[PDB]
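Colleague: Have a look at this one.
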Amino acid sequence: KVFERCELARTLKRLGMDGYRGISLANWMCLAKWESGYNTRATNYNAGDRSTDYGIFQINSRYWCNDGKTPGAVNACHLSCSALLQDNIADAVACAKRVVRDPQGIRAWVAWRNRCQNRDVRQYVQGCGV
């Protein structure tokens, strides 16, 4: 379910990620819509780990969720990968939160520096879905 750019910002704020751990709605919108495009079902196979990711932020089942086939699945969220497979990112966004809860944050991907590098993104969440 890929909606407009100011549509997921309303779902993210209602969840609680707004101003969470320093990652504002625009910080995740700048990378989530770029790595998938507001598509929680954006799943693809991995030629290096042979695993599969599920969620709008490419959440993998190797170190974030336990699916049943990923070897060494530590599942930090402790939830099934079906939560990130649905557009209802209630528990899905909660699993991706653990990815930015570490000391790295949302800068784990190189696209973060090539997209906005945490610049003035307050316009994407200025009266969008608060």
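In order, the residues displayed for chain A correspond to 19-148 in Swiss-Prot numbering, which applies throughout.
Technique stated in the header: solution NMR.
Using the three backbone atoms N, Cα and C, a Cβ is placed for every residue, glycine included.
Per Swiss-Prot, active site is recorded for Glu53, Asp71. Residues or ranges marked as disulfide bond by Swiss-Prot: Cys24-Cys146, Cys48-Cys134, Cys83-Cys99, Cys95-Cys113. Annotated domain 'C-type lysozyme' per Swiss-Prot: 19-148, in sequence order, evidence recorded as sequence analysis.
A description of the local structural setting of each listed feature is requested, covering burial, neighbours and distances.
Modeller: Reduced to three states, the DSSP call for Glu53 (active site) is helix. For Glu53 (active site), the same-chain residues lying six or more positions away in sequence with a CB closer than 8 A to its CB are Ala60, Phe75, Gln76, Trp127, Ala129.
Less than 8 angstroms from the CB of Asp71 (active site) sit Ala60, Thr61, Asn62, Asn64, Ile77, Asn78, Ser79, each of them six or more residues away in the same chain. DSSP assigns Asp71 (active site) to a strand in the three-state reduction.
Sequence-distant neighbours of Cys146 (disulfide bond) (same chain, 6+ apart, CB under 8 A from its CB) are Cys24, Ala27, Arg28, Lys31, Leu43.
With a cut-off of 8 Å between CB atoms and residues at least 6 apart in sequence, the same chain places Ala44, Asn45, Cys48 near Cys134 (disulfide bond), listed in sequence order.
Note: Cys83 (disulfide bond) has non-local neighbours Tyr72, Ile77, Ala91, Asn93, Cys95, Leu97, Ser98, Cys99, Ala101, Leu102, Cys113, i.e. same-chain residues 6+ apart with C-beta under 8 A of its own C-beta.
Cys113 (disulfide bond) falls within a helix when secondary structure is assigned with DSSP.
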Colleague: Pull the DSSP breakdown for the domain 'C-type lysozyme' (19-148) and write it out as helix, strand, coil residue counts.
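Modeller: Result for the domain 'C-type lysozyme' (19-148), in helix, strand, coil order: 47 helix, 6 strand, 77 coil.
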Colleague: Among the disulfide-bonded residues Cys24, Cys48, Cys99, point out the residue whose Cβ has the most other Cβ atoms within 10 Å, with all shown protein chains included in the count.
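Modeller: Per the Cβ count within 10 Å, the most buried is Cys99.
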